[PDB]
Amino acid sequence: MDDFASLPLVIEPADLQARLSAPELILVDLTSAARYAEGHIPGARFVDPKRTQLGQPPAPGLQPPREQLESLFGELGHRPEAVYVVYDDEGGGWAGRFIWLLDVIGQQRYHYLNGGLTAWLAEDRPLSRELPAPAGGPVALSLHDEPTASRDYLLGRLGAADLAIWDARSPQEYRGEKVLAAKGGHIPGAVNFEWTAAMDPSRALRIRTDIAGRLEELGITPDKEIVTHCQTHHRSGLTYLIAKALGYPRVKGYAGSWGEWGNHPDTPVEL
C-alpha cells in the first residue's frame, strides 16, 4: 500500500495532504458535478454517486452491472498498485458505498477521509479545479458477493443469535411512522442507528469518536455478523464503512435495502 500502508482505514485530512503526490494513489471524489468543479482535493477523480448504483427496478440500490463497473474503474485507473482514498461532502454516505464497491471488486487497499470535503474545507486546505487525466479503457474485474447480503440470505438469517441488523434509516422510518414502500416498519429483529447520528457536526462531520460504545449499546458488536441497510443502500454506505473501520470481521451491505424489503411479497416486517 506504499505511503498509505501505515495508516488505518479512516485517515485525517493532514494524512492525505501529505500524500497527495503518491503515485499509487487513486483519490475518489463523490460530491457532485457542481461541487467538484467549484473545487476538489488536488488530484481527485470525480465519480457521480449515481454511477455507484444499478438505478433500475425492482432494486436500484444494487451494485451497477459488470460493464459499468469495468468502465468506471478503468477510467479511474484501477491497477495492482492502487491505493484508494475516498471522500464525499455529506459525512461519508457515498464514500462508504464506494468502499463497499471496492470490496465488491476485490480491492484490498483503501482509506476513508474522515469528514471528507467538509473536514478538508474546515481546515482551509488546498483545492483544485483541474481535471486529472482518465486512465483508459475498461478493465476486467473479479466481482464478489461476500460484501453483500441478498434478500434470500437475510430472510434465512432472521432471528439469528450471531446477527445484528443495522437499520441506518431515520427513526420515523424504522418505526413505520414514515412509509416509503408498500410496507412500513423494519426488518424483524433489526436495531436502528440513523446514519446522521454517527457523524459529529462539531467536527466537520467526522465519525463520532465514541461510535464504538454507541453501536455496542444496540448489540451491534464485532462478534456478530453485521448486515446494514437504508432505503437504497446510500446512507448505509457510511454505516458499512464504520463497521469495517472498527475492525468488525463480518460485515455485509444489504444492497436491496428497504426499497426491496418493504416492497417484496415474501418479506416480513416489524413495527
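Basis: the model, the stated rules and, where named, an outside source; none is laboratory data. Cβ atoms come from the backbone with ideal geometry, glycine included; neighbour counts cover every protein chain shown.
For the stretch 24-38, a residue qualifies if it is touching a residue at least 24 places away in the same chain (Cβ under 8 Å) and surrounded by fewer than 17 Cβ atoms within 10 Å (Cβ to Cβ), and the qualifying residues are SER32, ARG35, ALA37, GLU38.
Among the residues of the stretch 146-176, those identified as of a type in the set (D, E, K, R) and either closer than 29 Å to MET199 by Cβ or not assigned by CATH to the domain that holds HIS234 (or both) are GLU146, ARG151, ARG157, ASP162, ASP167, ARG169, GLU173, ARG175. Against the condition surrounded by 15 or more Cβ atoms within 10 Å (Cβ to Cβ), under 28 Å from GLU90 (Cα atoms) and touching a residue at least 60 places away in the same chain (Cβ under 8 Å), how does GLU173 come out, does it pass? Judged against the criteria, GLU173 is a match.
For the stretch 87-101, does any single residue satisfy the condition of being buried (at least 18 other Cβ atoms within 10 Å of the Cβ), of a type in the set (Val, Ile, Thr) and either out of contact with any helix residue (DSSP H, G or I) (no Cβ under 6 Å at 6 or more places or on another chain) or closer than 30 Å to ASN263 by Cα (or both)? The answer is yes, given that some residue of the stretch 87-101 is buried (at least 18 other Cβ atoms within 10 Å of the Cβ), of a type in the set (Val, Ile, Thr) and either out of contact with any helix residue (DSSP H, G or I) (no Cβ under 6 Å at 6 or more places or on another chain) or closer than 30 Å to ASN263 by Cα (or both). When the stretch 124-175 is limited to residues that are in a helix (DSSP H, G or I) and of a type in the set (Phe, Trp, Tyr), the one that is nearest to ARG235 (Cα to Cα) turns out to be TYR174. Restricting the stretch 109-157 to residues that are closer than 30 Å to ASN263 by Cα, hydrophobic (A, V, I, L, M, F, W, C) and within 21 Å of the chain's Cα centre (by Cα), the residue that is surrounded by the fewest Cβ atoms within 10 Å (Cβ to Cβ) is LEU143. The condition (being touching a residue at least 24 places away in the same chain (Cβ under 8 Å) and in a loop (DSSP other than H, G, I, E, B)) is satisfied by just one residue among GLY91, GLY96, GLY74, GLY55: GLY91. Just so you know, in the stretch 176-196 the residues that are surrounded by 15 or more Cβ atoms within 10 Å (Cβ to Cβ) and of a type in the set (A, V, I, L, M, F, W, C) include one that is nearest to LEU117 (Cα to Cα), and it is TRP195.
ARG45 meets all of the listed conditions (1) among the charged types (D, E, K, R); (2) closer than 17 Å to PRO134 by Cα; (3) free of Cβ contacts under 8 Å to residues at least 40 places away in the same chain but one, namely (3).
Restricting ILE242, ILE220 to those that are buried (at least 19 other Cβ atoms within 10 Å of the Cβ) and within 19 Å of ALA95 (Cβ to Cβ) reduces the list to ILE242.
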